[PDB]
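Colleague: Before anything else, here's the structure in question.
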Amino acid sequence: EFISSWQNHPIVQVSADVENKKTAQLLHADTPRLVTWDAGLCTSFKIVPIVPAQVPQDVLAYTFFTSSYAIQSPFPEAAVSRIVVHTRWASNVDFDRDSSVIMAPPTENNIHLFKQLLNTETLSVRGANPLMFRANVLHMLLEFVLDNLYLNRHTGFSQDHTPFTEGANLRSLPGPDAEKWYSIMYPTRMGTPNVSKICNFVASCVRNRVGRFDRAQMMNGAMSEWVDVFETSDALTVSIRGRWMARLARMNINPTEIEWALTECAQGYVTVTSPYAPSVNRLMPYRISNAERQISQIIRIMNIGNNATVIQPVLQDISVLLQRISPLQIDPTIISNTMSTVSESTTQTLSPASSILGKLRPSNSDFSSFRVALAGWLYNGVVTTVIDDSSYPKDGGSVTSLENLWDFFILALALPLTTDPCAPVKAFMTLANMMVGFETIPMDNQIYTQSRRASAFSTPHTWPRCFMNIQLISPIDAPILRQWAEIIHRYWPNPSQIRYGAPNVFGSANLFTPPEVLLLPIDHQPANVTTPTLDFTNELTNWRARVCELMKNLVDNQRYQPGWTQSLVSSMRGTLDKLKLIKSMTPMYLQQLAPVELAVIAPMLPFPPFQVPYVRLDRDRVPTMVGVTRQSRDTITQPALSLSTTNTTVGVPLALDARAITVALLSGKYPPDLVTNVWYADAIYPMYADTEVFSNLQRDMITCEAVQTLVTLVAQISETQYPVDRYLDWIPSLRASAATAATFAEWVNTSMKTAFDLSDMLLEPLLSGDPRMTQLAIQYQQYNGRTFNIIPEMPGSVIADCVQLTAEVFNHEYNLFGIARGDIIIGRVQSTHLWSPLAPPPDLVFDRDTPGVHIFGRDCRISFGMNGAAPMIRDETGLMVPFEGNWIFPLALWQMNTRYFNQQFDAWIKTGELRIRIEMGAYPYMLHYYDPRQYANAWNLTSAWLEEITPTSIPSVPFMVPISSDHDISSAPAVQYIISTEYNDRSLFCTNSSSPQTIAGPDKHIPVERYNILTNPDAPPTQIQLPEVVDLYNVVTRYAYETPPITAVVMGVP
Amino acid sequence: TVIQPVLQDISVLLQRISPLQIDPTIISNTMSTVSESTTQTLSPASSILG
């Protein structure tokens, strides 16, 4: 029943997204589209006709005008012409950034541009909410900048064959119908037969500044490296592209340092070559500062925060790569062969060999879990590999059981390879549990007694006193267990370090450790031969030997031995002896080769290593918390102060299988004839033909760029802690809340993703939380309380700077963007004069300090007239006044009482002597031209505008401006109601451009300062007049650099 | 029985006069979890959501 319901499921949007695919993002990220080439004109401003020229006419014969001879003109030949922004209206690009900003001529409505952001509540299609004008303008400027990120392309030239120029070189545009461009690029090339405006302007210009200006021809017979040309353009886009190219050039590298980096990162196992001769200036933008890498690393950490499903596939990928590169493979039969030789009697009820072989079951697939355990060493910051619960004995076990003895053996060998700091305590408590009743020790309290599950001891606070202080364990009452504790303290592996990477190209994303440094939980000792042979001088070999000796002492104890038959004792000790001297090559591999492989692999990871120091037994330095922050508290501004109380803990444990790791430790063999320097040279060679790392570097650059853009943009509509300029305060804006900021940030993120062609997700972790106080930091804390924090000092950002530059320019050229500044005055003006309403005569306007005015505020209230008395309204001073004179309203005051005010004031405004000034700040505007010789009344337009005002939306202000003429005309009355407050008519370009002069109506010659290079013989060619006046004819640098793939220039030696 | 309608009606009136909107997707996005801890059942993030 035309109630306009069921129009609400419209534009109201959706933001909630299910994001289980963090793994896909982490394993591979889309590369930004950095380099793009533009072959067209580096301009974004278009001159358009508005009113066709008065041709033919009864005054001048048609033979005078230039158009009658079909001569192309650099400028429109029209009665009225104006300037309109139209990004890339002449460009010819290869990749589209799909962020165009286009308006229509002011005679055509342009309201839809300013209602694009937050007018989801606006009903009318012709209206928009003034309070989001600032946000809409900021979005428009951001898209304006983004659409212009292109590199100018060098096309080609041709010498002139006509006397119009002194043999200049003219650049040829690509694409079809290139004829029209030659008349637009070079205004000075036109002939000057007439006295008209265009001909006069051209004749008053310099003649040698046209076409090609300078070039750098390096190689005879190849493309010129770059050129400089005089051609139509705008200073703003030229500056933007210049700084963009400057950033790209700062990011450049050359092949020689590339081969140096690749040689370094491969540890000398791979040799690559680069050419040595005059090149052609390729462009390979891959070098970025360490700060950007740290920012990207922190963002990446915050994604995988406290989630295991996101990190586990990374570990499997690393395991697969390691298995692909490593020379170590499982010996199928070593354990069975060595255990089949022990001697035993067939009359025994038990057989140690049976039990051990039953527990081992070497399924050959155990090296996968061994490899993931190895990979865990690189990410102890977020992932803490631990032994699964199921590996421990079910009820706690007992030393009298053979099965429990073998379980203890498996756990004892498996534990030292995990990244869990609390591992040694669990190793000790594993035996302590089995030894209960048999042999006792003092524990801390009644909860964590000697009979707790060994896996329960997980934090430094639970470390038993007796374990840290050996003397508490009685050498008489507990010999075996004291011996075990001494073994743990004296023979646990010592962590070490190793250098890796190529910092001068790849940078370094290390946070809590020095660059190039990679920590290990095992001491590394480089091998000095390339033909390895079996050796027993290893940490892990000593560990296994000590464990076997401890078991042997346990069996032979006189308090425990008499429970066993002598034959069983002999078999057991023989089995332990066999296990002691097994010929497993894995400890050698871990001590000598594995660190080299990790160092080789690490720089090529998609997720660079993130480590915290390994502490052997210093309970004071065990890390207990790793946190990141993305916000700041209420009043705290300095990140070093709010970091402690605004961080979110990050980390997650991962479970492994002790059986598998023990099998790996026991059954490793090398290929029958191994020569390491050949094996690795053969294996590593393919894997350094991968260019994913450089792509990751570019992605990292864009991440920080976007973060800085977000903070700078948000610092405009709200209040933040960072210093920032402010040029758009005069544009009205609402009192922003958290929700408004979140919506604005979502829009910014969408725009940036679209512009650079990113299909994955960007900035999302920052969207959660309030974006008005963003800050990036990270810290971790030891057990003793000493804390360490890292605050990456934010680098620059070209896009934010360019956006601010365009905003600063907008503070002067707001007319060109279809925006009028100031206020409006509503009042009847009837006369035959021809002044433009956009440039009203000074006497018609008034302001707050004009004598005899009335200012009105929040207390609008009206007393109706009675018995002929005039109605009255209350001034802000408490005076009662009639409906006449000059008033001043804040606009919201009219918005909140539209209907009442219309009904009360329209008659007096139309016919009486009432004039009102509405305070707007800024507003879109519309033009309606009219014939001066005909009667014209503008009351209908103003009436519609007034009546369509809504407490949420207003429509574009309509103006009625006369049409300029180039010959004598009659006059006719005109009734005007709306005039602007100050000058707002900077958009106009020329009037009667094809005629000798303008007789009636507003007059305007070609803006001379827009062509300062041509008009001023003394100006240097490279002068610009920003931010006050944008020029329309500049010196443009066009490049011809190559962007070859990495493998095309650097080829390895097989 | 006398009290019940009064409180119910005032609750409804407050519910559809206030600008506040209750949106649990805030909680869901902040936790940003489906089911962590692939193998071991204990996962506090899933537990609190449940």
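Please note that chains go A, B, ... in the order of the structure tokens, that every chain numbers its residues from 1, and that ligands are numbered from 1 in the order shown.
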Would you list which chain B residues are within 10 Å of chain A using only C-alpha atoms, as a list in words?

Modeller: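 Close enough to count are residues 25, 26, 28, 29, 30, 31, 32, 33, 34, 35, 36, 37, 38, 39, 40, 43 and 45 of chain B.
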
Colleague: Please indicate the distance in Å from atom CA of residue A:99 to atom CA of residue A:755, rounded to one decimal place.

Modeller: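 Distance reported for this atom pair: 6.5 Å.
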
Colleague: Quick one: distance from atom CA of residue A:945 to atom CA of residue A:836 in Å, one decimal?

Modeller: 19.6 Å

Colleague: Please return as number ranges by chain: the residues of chain B that backbone DSSP assigns to alpha helix (DSSP H).

Modeller: B: 3-15, 25-31, 44-49

Colleague: Show me, as a count of residues only, the residues that have an atom within 12 Å of residue A:699 when counting only C-alpha atoms, minus same-chain residues fewer than 5 positions from it.

Modeller: 32

Colleague: Quick one: everything within 9 Å of residue A:582, counting only C-alpha atoms, minus sequence neighbours fewer than 2 positions away in the same chain. Send it as a ChimeraX atom specification.

Modeller: /A:334-335,338,577-580,584,666-667

Colleague: Using only N, CA, C and O atoms, please write the residues we just selected to a file, as a compact mmCIF listing (two decimals), in the first residue's frame.

Modeller:
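So the final result, stored in again-v5.txt, reads:
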# COMPACT_ATOMS: atom_id res chain seq x y z
N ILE A 334 68.09 -52.18 10.98
CA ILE A 334 69.22 -52.08 11.90
C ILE A 334 68.82 -52.53 13.30
O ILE A 334 69.55 -53.29 13.95
N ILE A 335 67.65 -52.10 13.78
CA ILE A 335 67.25 -52.43 15.15
C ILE A 335 67.02 -53.93 15.28
O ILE A 335 67.51 -54.57 16.22
N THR A 338 70.38 -55.88 15.08
CA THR A 338 71.22 -55.80 16.26
C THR A 338 70.57 -56.46 17.46
O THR A 338 71.28 -56.92 18.37
N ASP A 577 73.46 -53.22 26.60
CA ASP A 577 74.76 -53.03 25.98
C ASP A 577 74.62 -52.93 24.47
O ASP A 577 75.26 -52.08 23.83
N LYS A 578 73.78 -53.78 23.87
CA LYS A 578 73.55 -53.70 22.44
C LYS A 578 72.97 -52.35 22.04
O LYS A 578 73.38 -51.76 21.04
N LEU A 579 72.02 -51.85 22.82
CA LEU A 579 71.45 -50.54 22.52
C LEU A 579 72.48 -49.43 22.66
O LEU A 579 72.42 -48.43 21.93
N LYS A 580 73.43 -49.58 23.58
CA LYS A 580 74.43 -48.54 23.79
C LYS A 580 75.29 -48.33 22.56
O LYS A 580 75.62 -47.19 22.21
N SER A 584 73.76 -46.04 14.77
CA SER A 584 72.79 -45.12 14.21
C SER A 584 73.48 -43.81 13.87
O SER A 584 74.16 -43.22 14.71
N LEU A 666 67.25 -43.92 16.45
CA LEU A 666 67.94 -45.19 16.52
C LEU A 666 68.26 -45.83 15.18
O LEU A 666 69.07 -46.76 15.15
N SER A 667 67.67 -45.37 14.08
CA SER A 667 67.71 -46.12 12.84
C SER A 667 68.01 -45.23 11.64
O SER A 667 67.31 -45.25 10.63
